[PDB]
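Undergrad: Pasting a structure here, questions to come.
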Amino acid sequence: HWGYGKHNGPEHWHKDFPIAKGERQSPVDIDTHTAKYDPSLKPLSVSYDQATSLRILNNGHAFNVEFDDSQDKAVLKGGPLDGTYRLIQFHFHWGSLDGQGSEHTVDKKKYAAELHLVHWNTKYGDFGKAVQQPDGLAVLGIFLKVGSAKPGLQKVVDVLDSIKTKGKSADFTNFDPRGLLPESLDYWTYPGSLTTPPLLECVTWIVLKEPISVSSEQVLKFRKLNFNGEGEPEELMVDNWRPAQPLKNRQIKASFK
Ligand SMILES: CCN[C@H]1CN(CCCOC)S(=O)(=O)c2sc(S(N)(=O)=O)cc21
Ligand SMILES: [Zn+2]
Numbered sequence: 004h005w006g007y008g009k010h011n012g013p014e015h016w017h018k019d020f021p022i023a024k025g026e027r028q029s030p031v032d033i034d035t036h037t038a039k040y041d042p043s044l045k046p047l048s049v050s051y052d053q054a055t056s057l058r059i060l061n062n063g064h065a066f067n068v069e070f071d072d073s074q075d076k077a078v079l080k081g082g083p084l085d086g087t088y089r090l091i092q093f094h095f096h097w098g099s100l101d102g103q104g105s106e107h108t109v110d111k112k113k114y115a116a117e118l119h120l121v122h123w124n125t126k127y128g129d130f131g132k133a134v135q136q137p138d139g140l141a142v143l144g145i146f147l148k149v150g151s152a153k154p155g156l157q158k159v160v161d162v163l164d165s166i167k168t169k170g171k172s173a174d175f176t177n178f179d180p181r182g183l184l185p186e187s188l189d190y191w192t193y194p195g196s197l198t199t200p201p202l203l204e205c206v207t208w209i210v211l212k213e214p215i216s217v218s219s220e221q222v223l224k225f226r227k228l229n230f231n232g233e234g235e236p237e238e239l240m241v242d243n244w245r246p247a248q249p250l251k252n253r254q255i256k257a258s259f260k
């Protein structure tokens with residue numbers, strides 16, 4: 004089974020999933036000097052005032068927080084999109100030192116971690132049907148750096164010792180995602196895919212320019228988790244990111260001058 008080690012990491016994935024060498028793969032490096040400003044784009048519209056969270060889980064690859072998507076309650080629209088996209092889950096990727104951790108890079112620079120918020124297009128009915136189409140998903144990414152603490156992240160870090168190993172879950176209600184966003188909403192955008200297998204080419208990426216700050220005691224807690232199951236040898240959950248792939252066919256656009 005796939006993973007991030009010496010014998011089953013990124014350089015091996017193509018043997019079971021051939022699309023790994025396709026024409027619109029992610030992540031990539033963003034060169035700020037080549038990107039072109041586009042004056043016809045529209046501002047982003049984020050409406051999370053009615054969100055209902057349910058549970059938190061460790062899946063062997065990272066940890067995820069889930070929401071109830073049976074009605075329009077937390078949605079994303081505008082920007083380069085046409086239509087309405089509904090929120091289903093969020094997760095993170097990080098490193099073993101403060102100098103590495105993120106998947107996307109800026110003029111060759113790497114940050115300590117990267118946060119991903121996932122949404123699907125309502126015209127298709129539900130989630131499973133949407134991942135099989137070219138314009139099915141929309142993912143919003145935000146960078147993390149080490150400095151002062153972020154108040155709204157604390158409730159997540161205090162529950163981690165109850166889901167240490169693979170297969171564990173716990174109740175997690177009334178959490179508000181508006182507390183993890185920066186001041187400004189200016190961005191970059193291009194067409195791509197998922198960053199872990201099955202690697203399907205169904206995503207419209209939207210990456211924010213301004214990062215958020217967290218303390219060293221907070222990211223320390225992330226590194227104490229495990230990749231293995233209860234009653235098995237200990238392997239620490241660190242360095243779970245895929246590196247930069249070829250641009251080829253595409254061009255990147257910016258909403259700011
Ligand atoms: C471990 C498998 N992770 C996949 C599969 N997915 C199904 C998980 C059930 O949750 C609904 S997913 O479509 O949600 C999604 S989004 C991304 S990313 N890193 O944002 O590009 C990876 C994935
Ligand atoms: Zn991700």
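When we follow full-length UniProt numbering, the leftmost residue of the sequence shown carries the number 4, and every step to the right adds one. Backbone N, C-alpha and C fix where the C-beta goes; we use that ideal spot for every residue, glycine too.
Quick one: using the 10 Å Cβ neighbour count with 16 as the cut-off for buried, is residue 136 buried or exposed?
TA: So residue 136 counts as exposed.
Undergrad: How would you label residue 248, buried or exposed, when you count the other beta carbons within 10 angstroms and need 16 or more for buried?
TA: With 16 or more other Cβ atoms within 10 Å, it is buried.
Undergrad: When DSSP labels each residue in this structure, what does residue 169 get in the three-state scheme?
TA: Correct three-state label for residue 169: coil.
Undergrad: Would you mind reading off the limits of the alpha helix (DSSP H) that contains residue 220?
TA: Residue 220 -> alpha helix (DSSP H) spans 219-225.
Undergrad: Label residue 259 either buried or exposed according to how many other C-beta atoms from any shown protein chain fall within 10 Å of its C-beta, with 16 as the threshold for buried.
TA: Residue 259 is exposed by the Cβ-count criterion.
Undergrad: What three-state label does DSSP hand residue 208 in the structure shown?
TA: Strand at residue 208.
Undergrad: On the CB-based measure, 16 or more other CB atoms within 10 Å of its CB, does residue 82 come out buried or exposed?
TA: Classification of residue 82: buried, given that the 10 Å Cβ count is 16 or more.
Undergrad: Decide yes or no for the touch test of the segment 20-34 against the segment 93-113: beta carbon pairs closer than 8 Å, at least 3 of them.
TA: Contact holds: three or more Cβ-Cβ distances are below 8 Å.
Undergrad: Who sits around ligand 2, taking every residue whose Cβ is closer than 6 Å to one of its heavy atoms?
TA: For ligand 2, the selected residues are 94, 96, 119, 198.
Undergrad: Within the continuous beta strand (DSSP E) that includes residue 195, where are the two ends?
TA: From DSSP, the beta strand (DSSP E) with residue 195 extends over 190-195.
Undergrad: Starting from residue 130, follow the alpha helix (DSSP H) in both directions and report where the run begins and ends.
TA: Counting along the chain, the alpha helix (DSSP H) containing residue 130 begins and ends at 130-133.
Undergrad: Using the C-alpha atoms, what's the distance from residue 118 back to residue 70?
TA: Taking the straight line joining both Cα atoms gives about 16 Å.
Undergrad: Are the segment 95-104 and the segment 157-168 touching, with three or more C-beta to C-beta distances below 8 Å?
TA: No: the two stretches stay apart, fewer than three of their Cβ pairs being nearer than 8 Å.
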